[PDB]
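Okay, here we've got a single chain as structure tokens, the form deposited in one PDB entry, with questions on binding and movement later.
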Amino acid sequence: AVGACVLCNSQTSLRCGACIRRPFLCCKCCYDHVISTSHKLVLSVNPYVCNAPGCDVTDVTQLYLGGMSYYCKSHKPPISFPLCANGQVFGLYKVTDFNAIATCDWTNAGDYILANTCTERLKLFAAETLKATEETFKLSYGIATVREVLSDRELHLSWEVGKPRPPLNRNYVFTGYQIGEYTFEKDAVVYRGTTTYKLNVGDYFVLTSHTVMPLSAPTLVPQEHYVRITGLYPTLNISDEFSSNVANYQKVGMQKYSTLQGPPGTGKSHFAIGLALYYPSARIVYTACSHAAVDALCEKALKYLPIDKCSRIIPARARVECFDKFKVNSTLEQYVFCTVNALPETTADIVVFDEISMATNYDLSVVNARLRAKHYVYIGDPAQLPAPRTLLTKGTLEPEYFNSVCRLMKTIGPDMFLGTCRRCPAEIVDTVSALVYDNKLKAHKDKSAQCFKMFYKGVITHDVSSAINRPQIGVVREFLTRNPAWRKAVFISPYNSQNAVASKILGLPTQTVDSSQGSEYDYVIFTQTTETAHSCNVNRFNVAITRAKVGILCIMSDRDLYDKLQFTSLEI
């Protein structure tokens, strides 16, 4: 218990006992904390509790130092000094924002705003506190037990009484009982196990509540600007394919860390892999939160980088399927592709962190703790989707508050901006450029004349809280009969329940906006489903319409976003 203060680093024996993370607080900061919050328990080698037998006084403001022990007002000896006096709490080696982070329930957007506008040490305290809160909230949910096994992909569940039921979607991953991780989609429910096991009745599922480790490293290391490219050796012979990013790869070698805002289809993966061709002797660790984002970088590296110097790090507890073409778990390879949670303790000449809007400050800090690099490159787009904040239910989380990297890209601007979209028909590029990019995203493709929009509110039904709009799926069914080229389209919507109904009626492959991020399809059929803050979110709208290479059909509920779509309007 000899540590450093989380607000001014002043060494102390004091730790707040009411805080879920028990931060070390100095004599002056422990006081401003206990005097302005319900948090009154103070800890050291021994807690600040009354030493008199059977006495339950633990409030530090009601306690005194009786020589070597602590006593309340009713038990203190004549020669006793209060623990709280002169703006200090008695201890060895003798903040409004710290109080709000220590006592908030993380259900409001203002909680996340603060966790990102506060000092660096408070961002790590905020990130452990939030993650610990999120993990103890997983215990609140009830146990699901297999009642009847219908087939190899359908079952019927029996839920625990008294405890709420967690939302049935791919967002929530259960642990079977240790028969492997499992997931469900909606009394006919679909069951998907990470490990193929002959489903037994009586075997139950519980959400994987993992221990929240403390954070040591900052979210962002302190910025360093250099006059020359440092520790990296460029090629003079640089492939014409990657010539557009040569000035940007040099900016990467002349700064400790750099930010790259890359709208959809502007060449983020190409920039990331081309940085390896530009610094060809440099050891690069490629990281992202999801296995899908690490795999998309693995796909781009298979096409340009030597496959024998590549390695895909897969955690021993292999959850879902991964990239198979690289030698697995060879930590020492020049190119290592790995998710943030599976990152080994290693060093690199460059660390590339992709899909930065999906990172949390907890993820940012983990990467700085496991990887010691000469250069760090953060690639993503703050106009794309952030990580789901399971506790947040009141207020909207704006892009400048997703993480430190996004906060920077939205305030001081990004260091590098990929300004030309090569994926989308110009109708889509023109819509999202005006919507989220201040008219600075340019269209490489021409207008495809295959981008359509329909204003159809339909009928909104609900499977618990996940929404369905059957008349919107019916309008799509009518459209498909008249436009059979759209047979190979991917169906996208903001709700998995709309996607389950569209899968059975249309037969199209189905994807939620959130799971479609970073993917591209020739044709996209999007039904807005509802007029909610979730379905009207401009970042989600931006991701939804930028998945299409050739054509898109948008069946809209919101007049604002429908009027903003620079598409050909249809009728029926």
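So that there is no doubt, residue numbering starts at 1 and follows the sequence shown.
The following text describes the form solved in complex with a small molecule, which does not appear among the structures shown.
- Note that among 151 to 159, 214 to 222, 194 to 202, 102 to 110, the stretch whose heavy atoms approach the small molecule to within 4.5 Å in the entry with it bound is 214 to 222.
- Among residues of the shown chain, residue 186 is not one whose heavy atoms approach the small molecule to within 4.5 Å in the entry with it bound.
- Contact annotation: residue 97 falls outside 4.5 Å of the small molecule in the entry with it bound, judged by heavy atom distances.
- Interface residue remark: residue 284 is not counted as part of the site for the small molecule in the entry with it bound, having no heavy atom within 4.5 Å.
- In the entry with it bound, residue 181 stays away from the small molecule, with no heavy atom inside 4.5 Å.
- Between the small molecule and the residues 457, 309, 319, 121, the one pair within 4.5 Å by heavy atoms in the entry with it bound involves 121.
- For the candidate set 134, 128, 295, 398, a heavy atom within 4.5 Å of the small molecule in the entry with it bound is found for exactly one residue, namely 128.
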